[PDB]
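Trainee: model the following, please.
(11 chains, ligands or ions: 11)
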Amino acid sequence: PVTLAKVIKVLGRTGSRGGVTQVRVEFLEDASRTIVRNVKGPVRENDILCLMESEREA
Amino acid sequence: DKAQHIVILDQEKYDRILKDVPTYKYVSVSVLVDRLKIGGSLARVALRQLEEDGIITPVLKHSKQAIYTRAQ
Amino acid sequence: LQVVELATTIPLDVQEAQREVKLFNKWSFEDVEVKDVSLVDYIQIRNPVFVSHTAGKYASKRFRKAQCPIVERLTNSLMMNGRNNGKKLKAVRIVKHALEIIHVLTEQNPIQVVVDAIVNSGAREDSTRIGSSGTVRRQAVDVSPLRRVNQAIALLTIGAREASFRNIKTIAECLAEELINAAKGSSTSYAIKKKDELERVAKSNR
Amino acid sequence: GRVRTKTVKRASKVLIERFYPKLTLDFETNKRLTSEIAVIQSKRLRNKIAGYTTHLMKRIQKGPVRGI
Amino acid sequence: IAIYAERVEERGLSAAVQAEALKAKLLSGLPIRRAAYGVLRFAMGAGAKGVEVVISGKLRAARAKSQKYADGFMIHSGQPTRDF
Amino acid sequence: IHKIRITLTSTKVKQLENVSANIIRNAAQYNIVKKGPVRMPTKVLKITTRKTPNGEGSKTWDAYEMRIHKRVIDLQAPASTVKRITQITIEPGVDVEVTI
Amino acid sequence: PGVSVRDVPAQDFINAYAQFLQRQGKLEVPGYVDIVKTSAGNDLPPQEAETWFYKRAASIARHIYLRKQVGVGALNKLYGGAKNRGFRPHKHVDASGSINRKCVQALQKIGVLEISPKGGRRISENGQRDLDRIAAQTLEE
Amino acid sequence: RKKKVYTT
Amino acid sequence: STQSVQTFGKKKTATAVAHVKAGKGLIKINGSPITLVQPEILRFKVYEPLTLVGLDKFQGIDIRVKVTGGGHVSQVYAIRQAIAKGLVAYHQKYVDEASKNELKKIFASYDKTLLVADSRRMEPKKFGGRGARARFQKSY
Amino acid sequence: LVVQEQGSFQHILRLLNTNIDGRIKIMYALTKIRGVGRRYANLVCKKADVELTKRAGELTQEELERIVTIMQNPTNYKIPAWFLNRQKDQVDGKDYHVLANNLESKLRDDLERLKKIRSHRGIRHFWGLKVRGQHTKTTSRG
RNA sequence: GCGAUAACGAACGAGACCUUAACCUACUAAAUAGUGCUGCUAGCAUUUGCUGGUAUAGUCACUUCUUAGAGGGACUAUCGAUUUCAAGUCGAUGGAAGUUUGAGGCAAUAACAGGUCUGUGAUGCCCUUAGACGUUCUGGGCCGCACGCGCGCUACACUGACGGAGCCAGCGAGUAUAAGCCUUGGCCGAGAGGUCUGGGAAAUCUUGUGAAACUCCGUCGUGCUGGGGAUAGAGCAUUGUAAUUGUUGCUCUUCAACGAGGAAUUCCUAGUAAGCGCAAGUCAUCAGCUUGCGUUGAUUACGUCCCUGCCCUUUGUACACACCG
Ligand SMILES: [Mg+2]
Ligand SMILES: [Mg+2]
Ligand SMILES: [Mg+2]
Ligand SMILES: [Mg+2]
Ligand SMILES: [Mg+2]
Ligand SMILES: [Mg+2]
Ligand SMILES: [Mg+2]
Ligand SMILES: [Mg+2]
Ligand SMILES: [Mg+2]
Ligand SMILES: [Mg+2]
Ligand SMILES: [Mg+2]
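Mentor: Numbers count the residues shown, from 1 in each chain, chains lettered A, B, ... in the order given. Ligands and ions are numbered 1, 2, ... in the order given. Please see the structure below:
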């Protein structure tokens, strides 16, 4: 029960050391439920990183 | 240390080789050492003889790695 | 398919190579496909090569690493721990033997097994530290597709290095065992133990 | 970075204020023209001035600029 | 070997001559202000773009000090300092 | 006829190339066959010292250089012609050596 | 096509010319071959005691074939390697002069080489004939 | 730093 | 004279000068056949410019390269670059441009270093450290 | 070719009053013998016609006695003088090669022979310091 | 820098500048660079070919590579995005080069009781100046060893050790009647080395500096083992007036800790780090050191103020020798 989420906007660097980035994800199926979530590695727009749990903001 | 790998080939070990090596998917020096408990030098001589005896087919030849397979 | 007769004789295998470019003239990229959508754009197998020994120029821009061939990235990550820096020819020889061992064992495309072990070995959620100047704090965060791949490559070679350290089993067949086992998802393998412990902590931090 | 300096910003807008009819949208032509208009001590500085005059022309062609 | 002696043309632009004149004035007991400003004004009268005189040492005091007497425009960094 | 080698050496390239061109021109308009000039590889005389006169401070080093440029030109001409070419084109900076 | 020595891999060409020179038998082997080390940087004598001199002569012959009037000092530099200095870093040390000079003198009196003008040793009129011959009986397999 | 004393 | 084009390929310091004359499919490195280029594991690096476009292009041409400087790998890359550029320059000068543009298209679409020499060179070492960027370990 | 044997192997060998492991190659078993290094053992084996491809237990008694003969009388079997351990002996001036039990005896006799004359090298040997002129600033911590 | 603006217009510093690296089949030539032809000449198949040698007269040609001077080339160029559509930034495309194109040199306003009078026939003052604190000769010391600390080199191995075999650089330096420079080749010698000749005041000779990692085939087989070669014994030579408290080199023997290293802490963004050697400096000899050079050649960010240092604004001050107040 993994969920896939397309990124549409890189918000900005967060975290204490700036090593984690806020990004705005959009689900591939059911193109709604847009969420703000944090991601560790380097991110451009159009990265399909998958989410283990969806019902949580950041 | 704790290794105590056999380096001298007796007749019981000799026939153990000829009875066990044929039932192998992939034979080489390290697989033979790991599971047949023979030494590395004896493994190298065993491979060089087993090819003359026809049990093992050499897929690829190299000094640091000898990849062989069953001939059956 | 025709054999072209030259004054300088050209071997048969390389004459079969005009039809197709194959890694070490033995393994074909045609039948290889990533069984996961999220790493397709970051594991580069569309451009075939003969030998994994290529040039650099892939350490300049940000996501240029995703365009480097996955096998060349594996042999690059292999050459680690000081005494091996710069020994690319040794790394390529070991990898070349490793593919043969992965082919003779369990009987499938070896580069399919490398790709499967890499897609199956990168952890999807990692627990980053958020300590505020000394205090212990951990938060579970996601991992970008690029980092999932390059952590997969880091863990497979680290596990092969440690399994072949002070062991009669050679590095080429420790890499072969590590790649096949991680390809089949066995928890016995390194980089599956590490991935499980990481994703377990991430489950215990969100 | 490539942030142009004042020695190139003001020299380019002096070029714009003085020889607009002879300029063009081509870098090679602007570069040769400023080689016959100004006495520039170095080729690299000559290229910087011509590259900014070309940039200013593209901006005037996109609309009216303030201060020129 | 043959030696010829030529008078320096631009007295204000030759720092060696100006330095020798300053040395002969400081060694003649002349005040610091008058000696430094005599070459500041001699250089500008000759037409120099710039001039800087620095005198460092101890003068009737146990503690040592340095005094700068600048004038006009002076450049400091890069090749033109090696040229001009 | 006389086979003459002329070696031109100097520290500065502007005067060396001026003398070289002036001599080639005078060996050109006079119909004297010539071979050269051959631009020899320039020599970089490098000395790397420590900046500090004492041994205190950060370890910083100066690296001075003195480039020497060499050209050799081969002429087939009588000695009177060659000597008067040298005296027409005598220059303080550039040194000249003439060898038969 | 005309097969030459340069047209065959070195490793099995040297193993074949060494084998031919051993079975032919006219090359004279000096009496110290069971005692000496190849280089002062080496620590042990060659493990193949009976045939190493023949193999070395085959290598010397092919190397001179592919090059021009190489001396014995150049062969010592060629076959020299890194010495095992204890704690100081490694260094290049030349091979034995006697071993190289004896190999080349024995081959010179068996007829494959000769003293070249302006130093060195050229390959003989028959040295080319029989090296190219060994190459022909080298590449049929 | 030291005072030279003679013996002979 | 005859159909001759002369080119060169370069890597860090290695430079290989290629002479392409009209003849049979002869391809030599310093007078030696390509079947024995060392190191062995990189022999397909110099085999790449030939089998990629197809060896039939070399029926009518003979190539003799002279590679000096650099190291073993830098020399391999210099030879393969000199070969690819020599073949292209021969097609451009003595054959129709359709073949020259096809070769240049396939070569560039496959690997950039085949025709354009890589401009990367070694950075000088600077004092205060044992390397270009590395510095001596600091102690407090 | 691979050959087999039964009952001829001797698991533990005893050479020069030293127990020698029988499954070691002959050259390195003699290298186990103190005073006999790899360089010396390769040559005594080639002078004794003992092919190096045999293990210590593989070796027969006739060869073993021929080896102890070579070790005890080296110069008589064309082993060059410059190759020996103890050349120009102090008392009788002849070339010797001391072995397992003789080695520590004559090393001792050299230490006492030096200390009796009370040389500086003997003094530093007595003190337990580096004796070859070595710096003792950073290594005499044992 | 854009922009906001009681400011406008300027100067230093930054940037420009200079050196170096990457491109030029576009000029100018090159027997101290290279090539193709041509003489003469060798080997193998005999196919006319493939590899060589030779040519300071074949009294040839040329400058692609080599050298260096005159130039050209890049200015974020073109096209998409974001941005006050501004300064800019990110992607592509073209390009040799698109991180200030890469790397450095120079480098402001003041200042420090920072370091050197042990560099100066640079210096004021103090001390000594004939039994000298001057200079020279002989011998010893700077190396001395219960200890604490820093910069490093070898290692703990099989991605490895030996044994054969393969076999590629760049930056430079080099002498004369000296007081001894770089040294090829031939011949002896296990080695180190010895002897006889030749080239070079130097793109010519040392030198293709045939360097090491590196590659191939063998021995070893996870063992403090053939890893490691300390600690030492005996012996042979080299430099030097002189080697003892072992200059260094070579032979045999001796076979130590070390089985990847705690708290802490250093360097590092692309031909970079890391290995790997080579040259120059000191230099009669000695390099585990620096200054450079090239060989093999990566992992990972391309972000932040979490630690540390520094900078700016507001604010308080009984500080101005400025909180070491
Ligand atoms: Mg500046
Ligand atoms: Mg070598
Ligand atoms: Mg070797
Ligand atoms: Mg380095
Ligand atoms: Mg006696
Ligand atoms: Mg810069
Ligand atoms: Mg002083
Ligand atoms: Mg230090
Ligand atoms: Mg080796
Ligand atoms: Mg020092
Ligand atoms: Mg205030």
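
Trainee: what are the ranges of the strands in the chain?
Mentor: Defaulting to chain A. Here chain A has its strands, by DSSP state E, at A:3-14, A:20-27, A:35-39, A:50-51.

Trainee: ah, no, chain E please
Mentor: Going by DSSP E, chain E shows strands at E:50-57, E:65-72.

Trainee: out of those strands, which gets nearest to residue E:11?
Mentor: strand E:50-57 (13.0 Å; Cβ to Cβ). For the C-beta atoms, the positions are set from N, CA and C on the backbone; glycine is no exception.

Trainee: so which bits of the closest one are buried?
Mentor: Of all the residues in strand E:50-57, those buried under the rule 16 or more other Cβ atoms under 10 Å in any protein chain shown are E:51, E:53.

Trainee: where does the most centrally placed residue in chain G fall, secondary structure wise?
Mentor: In chain G, the residue lying closest to the centroid (Cα atoms, centre = their mean) is residue G:60, at 2.5 Å. The secondary structure element spanning residue G:60 is helix G:52-66 (assigned by DSSP states H and E).

Trainee: that helix near RNA strand K anywhere?
Mentor: Yes. Contact between helix G:52-66 and RNA strand K, assessed by Cβ under 7 Å from any atom of the strand, occurs at G:52, G:55-56, G:59, G:62-63, G:66.

Trainee: can you point me to the longest helix in chain C?
Mentor: helix C:145-164 (DSSP state H).

Trainee: downstream of it, the next helix or strand is which one?
Mentor: Helix C:145-164 is succeeded, C-terminally, by helix C:171-183 (DSSP H and E).

Trainee: and that next one with helix C:145-164, angle?
Mentor: 130 degrees (axes from the mean of the first three to the mean of the last three Cα atoms, to 10 degrees).

Trainee: ok, residue J:4 - contacts?
Mentor: The contact partners of residue J:4, by Cβ atoms under 8 Å, 6 or more residues apart in numbering or on different chains, come to B:9-11, B:14.

Trainee: quick check: nearest residue in space to the residue of chain E at minimum distance from chain J, chain neighbours excluded?
Mentor: Nearest residue of chain E to chain J, counting by Cβ to the nearest Cβ: residue E:64, 42.9 Å away. Sequence neighbours aside, residue E:58 is the residue nearest to residue E:64 in space, at 4.4 Å (criterion: Cβ to Cβ, 6 or more residues apart in numbering or on different chains).

Trainee: please see if the strand of greatest length in chain F touches chain I.
Mentor: Longest strand in chain F, counting residues (DSSP E): strand F:61-76. Yes. Shown here: strand F:61-76 in contact with chain I (Cβ under 8 Å from any Cβ of the partner chain) through residue F:61.

Trainee: buried sites along that strand?
Mentor: Neighbour-count burial for strand F:61-76, with 16+ other Cβ under 10 Å as criterion, is recorded at F:69-73, F:75.

Trainee: how far away is whichever residue of chain H sits closest to chain A from residue B:52?
Mentor: Nearest to chain A, among the residues of chain H, is residue H:1, at 57.8 Å (Cβ to the nearest Cβ). Here the criterion is Cβ to Cβ, to the nearest Å. By it, residue H:1 lies 87 Å from residue B:52.

Trainee: also residue B:14?
Mentor: 15 Å.

Trainee: on that earlier part again, just confirm the residue nearest to the centre of chain G contacts residue G:105, I think it does.
Mentor: No. Between residue G:60 and residue G:105 there is no contact under Cβ atoms under 8 Å: 10.8 Å.

Trainee: get me the contact residues on chain C for chain I.
Mentor: C:4, C:6-11, C:14-15, C:17-18, C:21, C:24-25, C:47, C:50-51, C:53-57, C:89, C:92-93, C:96.

Trainee: tell me if the helix holding residue G:60 is near chain J.
Mentor: No. Counting by Cβ under 8 Å from any Cβ, chain J has no neighbours in helix G:52-66; the shortest distance is 12.9 Å.
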